[PDB]
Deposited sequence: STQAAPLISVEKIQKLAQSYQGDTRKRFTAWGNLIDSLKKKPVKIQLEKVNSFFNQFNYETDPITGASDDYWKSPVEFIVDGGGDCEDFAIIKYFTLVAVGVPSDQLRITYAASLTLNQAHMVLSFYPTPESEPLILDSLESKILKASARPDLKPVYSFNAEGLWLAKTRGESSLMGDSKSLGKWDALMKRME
C-alpha cells in the first residue's frame, strides 16, 4: 500500500484515530530502505502496542480476518488480526511478500490454536516468529511452545513440513483482499 494513501486516509478521520493513521504512515516512510532486522523489530513492537482483543466466545480468535485499516480504526484485534497488519506493514516497507507467511500453530503454553507471522530470511531458512504474545523475535526452534500446522500468504498454503512449493491462495485470503480495496 502507499504512505500517500494513508495520508489520504488520515484526513478522513480525527481524534485517537487520525493520528494512529499518521503514526502508521510515518512508520512505513521511516522504515523504507532500512535493514530487515530493524524493520521486523520496529513493526512488531509498533503493533504489539495495540489492543489485544479476545473473542468472548472462543476465548481466542474469531472467524473474521480484520483488514489493516480496520485494525487501525478499531485500535486492535486478535492474534490472527495482529499477524495480518504486521504482514501488510512489512510488505509496504519493502520486505518481499514471499518471505512472509501467516502461520497457524498449536500452542502448548496457551493450550489452544495461535496465529503468528513467520519471516523467512532465505527460502530454506527456519523462520523468525513475530508473535503478538511474545516481544522476543525468535527462531522456530527457539519456539518449542509452537507447533505449526499450516501457513499461508498471497501466494499459497503450506501444510506444516511442506518445504518449498505451495501445498495447493485460500478463498478467505481473496475475500480479505477484496475487502481491502
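Novice: If a residue lacks a C-alpha atom here, it counts as unmodelled; so which stretches of the deposited sequence fall into that category?
Specialist: Seq positions lacking coordinates: 1 to 7, 176 to 180.
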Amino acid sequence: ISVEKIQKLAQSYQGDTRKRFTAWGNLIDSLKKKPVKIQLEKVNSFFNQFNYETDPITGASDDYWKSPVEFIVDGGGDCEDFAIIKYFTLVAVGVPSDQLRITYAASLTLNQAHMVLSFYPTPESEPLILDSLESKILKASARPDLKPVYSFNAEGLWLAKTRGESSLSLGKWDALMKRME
From here on, numbers count along this sequence of modelled residues.
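Novice: Please work out which of 86 to 94 and 99 to 107 has the higher mean CA B-factor as recorded in the PDB entry.
Specialist: Averaging CA B-factors over each stretch, the winner is 86 to 94.
Novice: Look over 65 to 73 and 127 to 135 in the entry and identify the one with the greater average Cα temperature factor.
Specialist: Stretch with the higher mean C-alpha B-factor: 65 to 73.
Novice: Would you mind finding, among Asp55, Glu155, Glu41, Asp145, the residue with the largest C-alpha temperature factor in the entry?
Specialist: Result of the comparison over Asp55, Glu155, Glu41, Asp145: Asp55.
Novice: Going by the deposited entry, which of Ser151, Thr122, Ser30, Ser45 has the highest CA temperature factor?
Specialist: Among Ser151, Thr122, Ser30, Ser45, the PDB entry lists the largest C-alpha B-factor for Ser30.
Novice: Taking the C-alpha B-factors as the PDB entry records them, is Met177 in the lowest, middle or highest third of its chain?
Specialist: As the PDB entry reports it, the C-alpha B-factor of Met177 lands in the highest third of its chain.
Novice: Could you place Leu170 in the lowest, middle or highest third of its chain by Cα temperature factor, using the values in the record?
Specialist: For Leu170, the deposited C-alpha B-factor lands in the middle third.
Novice: Is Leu159 in the lowest, middle or highest third of its chain when residues are ranked by C-alpha B-factor?
Specialist: CA B-factor rank for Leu159: lowest third.
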